[PDB]
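The chain that follows stands alone, in the form deposited in one PDB entry, written as structure tokens.
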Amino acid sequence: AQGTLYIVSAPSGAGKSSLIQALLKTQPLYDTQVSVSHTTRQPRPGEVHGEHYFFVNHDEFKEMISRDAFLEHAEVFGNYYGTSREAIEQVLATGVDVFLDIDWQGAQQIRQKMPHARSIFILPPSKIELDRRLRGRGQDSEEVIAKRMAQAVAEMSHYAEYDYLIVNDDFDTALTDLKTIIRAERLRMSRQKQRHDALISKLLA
């Protein structure tokens, strides 16, 4: 009973990390999980090793690439990120659906290796709103913000490669759209044929 891989991408300031965390709190670990990526970037305050990321040195990441540790890996704004194959295969084979919060470059690598995976792209409801979300608390220089928005513009040009699109205007609407996609996918005949492997056998008698 193999589970389904879900790809979730978005520019910074579309609210993707908060949409996925809120989805996860409604779901037991036997239905849905998130993958823990590897990264070279510094742990932020509040972040714990093995929960959000496995944090590693540049040289250790390199080692991992060279021994084919990764289902996908990429550089994103000055650091490396990747999804280790072993833990993914292991969780999917227990029937769990697994969320991959990754950029468009990782999404592409996943699509070719796992053609069944479903990908969701999240957009902000406008440029004005994107800019206000991107600015955060509002203490970065104009320059640092132009570079941010430019990285976001790059991410967004890749949206058409995804199977679903969520416009995250209003958080609760968008959360509901995300739950709706996963729920609809579980109503697919292949999935249902199984988990319901005969009630159906009992129906056709």
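Numbering starts at 1 and follows the sequence shown.
In the record comparison, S66 is modelled in each of the other entries of this protein that model the residues flanking it, with no third of them omitting it. Compared with other deposited structures of the same protein, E161 does not meet the criterion of being unmodelled in at least one third, since all of those that resolve residues on both sides include it. A summary of the deposited B-factors shows that, of 111-119 and 68-76, the stretch with the larger mean C-alpha value is 111-119. Just going by the entry, 139-147 versus 46-54 on mean CA temperature factor gives the higher value to 46-54.
Highest C-alpha temperature factor among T180, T173, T26, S37 per the entry: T26. In the PDB entry, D169 places in the middle third of its chain by CA B-factor.
In the PDB entry, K62 places in the highest third of its chain by CA B-factor. Among all modelled residues in its chain, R191 ranks in the middle third by Cα B-factor.
FYI, the form deposited in another entry isn't displayed, but the following is about it.
Look at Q105, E86, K127, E60: the residue sitting at the hinge between this form and the one not shown, where one rigid part turns on the other, is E86.
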